[PDB]
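Chains as they are written, first to last, in my numbering: chain L, 1 to 301; chain X, 302 to 603.
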Amino acid sequence: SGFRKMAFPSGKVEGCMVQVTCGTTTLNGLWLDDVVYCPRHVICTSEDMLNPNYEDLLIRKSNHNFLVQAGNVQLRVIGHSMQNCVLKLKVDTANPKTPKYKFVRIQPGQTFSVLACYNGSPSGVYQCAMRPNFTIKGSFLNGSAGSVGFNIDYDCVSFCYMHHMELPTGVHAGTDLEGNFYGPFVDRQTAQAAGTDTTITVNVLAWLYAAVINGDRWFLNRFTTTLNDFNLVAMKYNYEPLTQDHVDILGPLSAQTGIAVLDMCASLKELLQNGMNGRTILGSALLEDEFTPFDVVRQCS
Amino acid sequence: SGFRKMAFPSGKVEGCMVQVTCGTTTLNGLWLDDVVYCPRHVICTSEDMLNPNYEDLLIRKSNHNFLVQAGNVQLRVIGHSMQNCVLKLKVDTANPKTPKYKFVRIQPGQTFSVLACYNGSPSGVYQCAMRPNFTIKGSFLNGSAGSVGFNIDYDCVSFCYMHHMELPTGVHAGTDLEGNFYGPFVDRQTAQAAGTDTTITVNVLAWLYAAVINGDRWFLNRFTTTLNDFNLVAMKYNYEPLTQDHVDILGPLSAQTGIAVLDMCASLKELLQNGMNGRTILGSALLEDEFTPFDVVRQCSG
Ligand SMILES: CC(C)(C)NC(=O)N[C@H](C(=O)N1C[C@H]2[C@@H]([C@H]1C(=O)N[C@@H](C[C@@H]1CCNC1=O)C(=O)c1nc3ccccc3s1)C2(C)C)C(C)(C)C
Ligand SMILES: CC(C)(C)NC(=O)N[C@H](C(=O)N1C[C@H]2[C@@H]([C@H]1C(=O)N[C@@H](C[C@@H]1CCNC1=O)C(=O)c1nc3ccccc3s1)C2(C)C)C(C)(C)C
């Protein structure tokens with residue numbers, strides 16, 4: 001038993017990080033088969049970052065302007081092209097450590113592991129969720145652009161995030177591996193703001209089930225409710241509305257604990273209207289929304 | 302910016318994990334050079350686990366009673382010996398993915414990463430601290446014994462923890478890689494209890510500095526206290542006393558923020574006496590004590 005913010009093992013991804021330099025600008029790249037993927041703002045000088053015309057900046061580069069280092073080994077760039085906000089560098093050597101992989105675009109509310117890298121070197125791993133406002137609450141310093149987010153299913157690494165930038169509230173924005181941003185953001189240093197965030201209700205319910213599995217039961221009550229009555233109080237507190245698809249996904253957790261989803265919902269409603277009163281759930285004094293139902297099953301079953 | 306519970310990248314350890322089976326009993330082992338280390342209770346049956354005489358149980362085994370699997374490959378056991386609560390299995394092949402490593406015994410308050418494994422296969426990675434009562438608040442299911450805890454310093458993996466068992470309060474206990482338990486525990490199924498846990502004061506102050514670095518400043522004030530005055534109120538709240546050694550370790554954080562340690566102690570004193578009053582610090586509504594000063598610098602400076 002117990003419950004932790006658990007990331008996927010990072011070994012398969014660690015062997016794919018390289019360092020990419022163009023001029024005096026350096027960041028991380030992802031090396032798969034014979035292609036290196038990285039954020040396109042590697043081709044920009046500090047001056048260009050204010051309002052770059054990336055097409056112009058790229059036509060003024062040649063293959064030799066890109067230094068790609070995999071540890072000590074230099075990789076020779078033989079082609080380049082830009083796809084949306086990523087650059088793809090064709091290199092002369094295919095990565096012998098390329099894992100089975102795919103590129104996925106995730107939805108708000110889902111979680112993934114981030115391998116934070118600097119100078120092409122893995123520094124740390126942590127778990128986060130895609131927020132409803134398409135930011136992530138990450139931990140990134142200068143030089144972290146190009147770090148990736150991923151999940152592992154069976155033997156296959158699913159890449160879902162490449163890091164680009166930080167917003168002025170301390171949250172982070174990036175793209176999928178096709179170069180398309182999550183959210184209404186652009187990779188230029190102009191005024192932008194994330195929309196208001198909301199709490200991921202289905203995740204909160206999944207975490208309450210993890211609590212019951214682990215013996216924290218003080219918040220349960222003998223009541224039940226309906227979706228419509230629950231969704232009405234949820235919106236009053238900036239919670240995502242619950243749908244029948246959500247109820248179905250919580251099925252296995254309902255089954256293992258014998259507590260129906262709508263009874264769990266009555267407990268949540270009561271916690272929303274009256275707070276915790278200095279009590280904790282799984283060591284937290286706030287309601288946690290960055291564990292999905294699948295995360296709970298994986299860790300508790 | 303930002304601040305997360307960050308683990309070390311686990312790749313160097315993943316290649317050392319193997320599955321060890323003796324009879325119907327299977328758990329994880331750690332394969333370094335030509336030695337596999339694993340918890341000695343793999344030699345037990347559901348029956349032996351209440352009052353095992355491990356010396357008796359081990360003399361009744363031979364090398365071929367041990368099946369060691371490294372993925373698709375069988376490793377052949379050519380010798381075995383017990384070192385305290387670990388078993389050391391000599392095998393015929395040296396692990397080609399052996400990293401530069403050392404074995405370290407850590408102190409309470411220090412943190413490390415855990416690679417949770419099942420059937421020799423890595424399942425997840427997370428960070429925890431060794432509590433003052435020598436337990437860890439981990440996440441472990443049946444079959445997780447032999448999972449390891451580690452830190453990475455430059456190129457070198459420092460192994461500090463092998464998982465063995467769960468206590469009835471839902472916390473976890475294990476050994477260093479020399480087989481010596483952390484705490485007063487033994488690997489038999491008899492009544493044992495963890496001592497009372499205390500909060501790691503030096504880590505709470507380190508986390509308060511992380512907050513200031515990230516722009517959370519609401520709890521600060523102009524007051525100052527003395528070490529003895531601070532330590533007076535610390536005891537009342539089950540906090541570890543603070544020593545000048547701790548004050549010294551917080552030096553680089555104090556310098557980078559311009560807030561003296563004794564100033565921040567005065568802020569902590571106030572938070573203990575009045576609570577947060579529905580405010581949060583770095584997204585938590587409780588005082589967090591599982592980040593060391595070193596963890597904060599690594600994550601907030603580089
Ligand atoms: C637009 C809006 C006002 C909302 N925000 C910003 O202007 N934020 C800016 C931003 O993040 N930028 C600026 C520049 C990069 C992107 C950027 O510096 N990435 C960072 C990761 C950042 C840093 C803090 N933690 C992170 O996540 C990064 O890794 C890099 N830096 C540079 C700079 C020069 C050369 C190469 C690189 S590689 C972009 C092309 C967008 C900062 C935080 C620097 C002010
Ligand atoms: C002594 C005290 C009363 C304070 N507590 C316990 O009796 N706790 C017991 C305990 O943990 N034991 C029993 C047995 C193992 C050790 C043990 O089962 N390890 C677990 C890891 C556990 C499980 C839950 N999460 C973990 O961490 C484990 O991986 C293994 N299981 C077995 C069983 C049979 C054969 C091989 C193995 S490999 C020991 C030799 C001590 C439990 C939780 C099973 C009741």
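Each residue gets a CB set at the ideal place from its N, CA and C atoms; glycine is no exception.
- Around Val202(L), the same chain offers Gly109, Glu240, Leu242, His246, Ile249, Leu250, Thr292 and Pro293 as residues with beta carbons nearer than 8 Å, after the five sequence neighbours per side are excluded.
- A residue is called buried once 16 or more other Cβ atoms fall within 10 Å of its Cβ, and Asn51(L), having fewer, is exposed.
- The beta carbon of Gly425(X) lies closer than 7 Å to those of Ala417 in the same chain, with the five residues before and after it left out.
- Around the beta carbon of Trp218(L), fewer than 16 other beta carbons sit within 10 angstroms, so the residue counts as exposed.
- In the same chain as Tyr355(X), and ignoring 5 residues on each side of it, the C-beta atoms closer than 6 Å to its own belong to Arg341, in chain order.
- DSSP, read as helix, strand or coil, puts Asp155(L) in coil.
- Counting C-beta pairs closer than 8 Å gives three or more between the region 448 to 460 of chain X and the region 394 to 410 of chain X, which meets the contact rule.
- Annotated as distal: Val314(X) and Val337(X), with beta-carbon spacing of 8 Å or more.
- Look at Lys306(X): its C-beta is under 8 Å from a C-beta on chain L.
- Along the region 497 to 520 of chain X, the positions whose C-beta sits under 8 Å from a C-beta of chain L are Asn515 and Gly516, read in chain order.
- Judged by beta-carbon spacing, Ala285(L) lies within the 8 Å limit of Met276(L), meaning their Cβ atoms are closer than that value.
- Taking a contact as a CB-CB distance under 8 Å, the pair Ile379(X) and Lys362(X) does not count as one, their CB atoms being some 14 Å apart.
- Within the same chain, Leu57 come within 7 Å of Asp48(L) by CB-CB distance, once the 5 residues on both sides are set aside.
- Taking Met565(X) as the centre and dropping the five residues before and after it, the same chain places the C-beta of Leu506 and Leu509 closer than 6 Å to its C-beta, in chain order.
- Residue pairing by DSSP places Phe413(X) opposite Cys429(X) in a beta bridge.
- Contact with chain X is found for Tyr126(L), since one of that chain's Cβ atoms lies less than 8 Å from the residue's Cβ.
- For the region 11 to 67 of chain L, the full-length beta strand (DSSP E) segments reaching 3 residues or more read 17 to 22, 25 to 32 and 35 to 39 along the chain.
- For the C-beta of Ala129(L), not a single chain X residue is nearer than 8 Å; the gap to the nearest is close to 12 Å.
- Taking a C-beta distance under 8 Å as the contact criterion, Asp517(X) and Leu569(X) do not qualify as a contact pair.
- Not a single heavy atom of ligand 1 lies less than 7 Å from the C-beta of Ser602(X).
- Closer than 7 Å to some heavy atom of ligand 2: that does not describe the Cβ of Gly450(X).
- Chain order gives no chain L residues near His464(X), where near means a beta carbon separation below 9 Å; the closest approach is about 11 Å.
- The beta carbons of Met82(L) and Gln299(L) sit no closer together than 8 Å.
- At least one C-beta of chain X is nearer than 8 Å to the C-beta of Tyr118(L).
- Beta-bridge annotation (DSSP): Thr476(X) is paired with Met463(X) and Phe482(X).
- In this structure, the C-beta of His64(L) stays at least 7 Å away from each heavy atom of ligand 1.
- No Cβ-Cβ contact shorter than 8 Å links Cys339(X) with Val392(X).
- Chain L places no beta carbon closer than 8 Å to that of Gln490(X), leaving this residue out of the contacts.
- Between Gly475(X) and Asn329(X) a beta carbon distance of about 12 Å is seen, past the 8 Å cut, so the two are scored as non-contacting.
- A Cβ-Cβ contact shorter than 8 Å links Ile200(L) with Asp289(L).
- DSSP lists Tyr239(L) as the bridge partner or partners of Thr199(L).
- With distances taken between CA atoms, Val472(X) lies nearest to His464(X) out of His464(X), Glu479(X) and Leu478(X).
- Contact annotation, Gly447(X) with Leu331(X): C-beta distance approximately 7 Å; criterion of less than 8 Å satisfied.
- In the displayed model, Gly251(L) falls within a helix according to three-state DSSP.
- Those residues that have a beta carbon less than 7 Å away from any non-hydrogen atom of ligand 1 are, in order along the chain, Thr25(L), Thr26(L), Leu27(L), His41(L), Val42(L), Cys44(L), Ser46(L), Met49(L), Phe140(L), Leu141(L), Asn142(L), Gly143(L), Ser144(L), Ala145(L), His163(L), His164(L), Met165(L), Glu166(L), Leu167(L), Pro168(L), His172(L), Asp187(L), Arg188(L), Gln189(L), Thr190(L), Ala191(L), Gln192(L) and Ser302(X).
- With fewer than 16 other CB atoms across the displayed protein chains lying within 10 angstroms of its CB, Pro485(X) is exposed.
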